[PDB]
């Protein structure tokens, strides 16, 4: 019953061309690699691609260091990888070059906070991926528009409706429990889930995915069961992410410390926001496949979306 949105013939051709660019720029391509004493014949597809990954200083102050992210994907043998920093494209020129040097397909995106008239003034998460060079231009506009108009201590914010003019060549991951649909599912606001989802089915046909995430954070699994039930009733696709904030598990303690500094709280303040889990590291293809064994379609979509995202 769960929809896998397949890359079409045209998107497949653009993906094959995009991997040619990887190979012709950097001299290798992990997607087309044959292991020693394997054979071209028995080469295999990736099973999962990380489509939501932040560098260490994504939302806070400091440089966009994307090389350790490429280096880890390379340690892991992942053939493709997205960078989706918060409302910014800082690390992109370096990520693109390093992905190349590593034989990895670079996927371009960004994470936003979004406001929409249906949820009044509250802010929700959306991940935006660029599927083609028009989309990459539309991504840059959206980022610019979010800064152009001004921002408070809440930060740069996109209006949901800007997505109407700027929709072309964009693929959306819904924000999970933090998105407009997820918060309304968790609230049991069916009328509103219905409204939101009609927005994306109108303007983003096959380009909107309910994001599922298993990082042991509150309401994650209740949102997941509800999102799956919705997906099945509406024919909407689901996609697995790990919402990566740091490279290894052992990185959590310093990530917790940095965010605490930025927000202003000691680590022993029972009031300190605890929005992160040590499970938000760059999990292996195999760990992700195990963690979502019960929902193979959420994995398949990552791969299809990775083939559909071809920014040169």
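Positions refer to the first chain, counted from 1.
- Comparing 233-241 with 148-156, the higher mean C-alpha B-factor in the PDB entry belongs to 148-156.
- Across the two stretches, 42-50 and 268-276, the PDB entry reports the greater mean Cα temperature factor for 42-50.
- The residue among 142, 118, 104, 114 whose C-alpha carries the highest B-factor in the deposited model is 118.
- Per the PDB entry, 77 shows the highest C-alpha temperature factor of the residues 182, 77, 169, 99.
- For residue 283, the recorded CA temperature factor ranks within the middle third of the chain's modelled residues.
- Among all modelled residues in its chain, residue 136 ranks in the lowest third by Cα B-factor.
- For residue 194, the recorded CA B-factor ranks within the lowest third of the chain. Only modelled residues enter the ranking.
- In this PDB entry, residue 258 carries a Cα temperature factor that places it within the highest third of its chain's modelled residues.
- Compared with the other modelled residues of the chain, the Cα B-factor recorded for residue 224 ranks in the lowest third.
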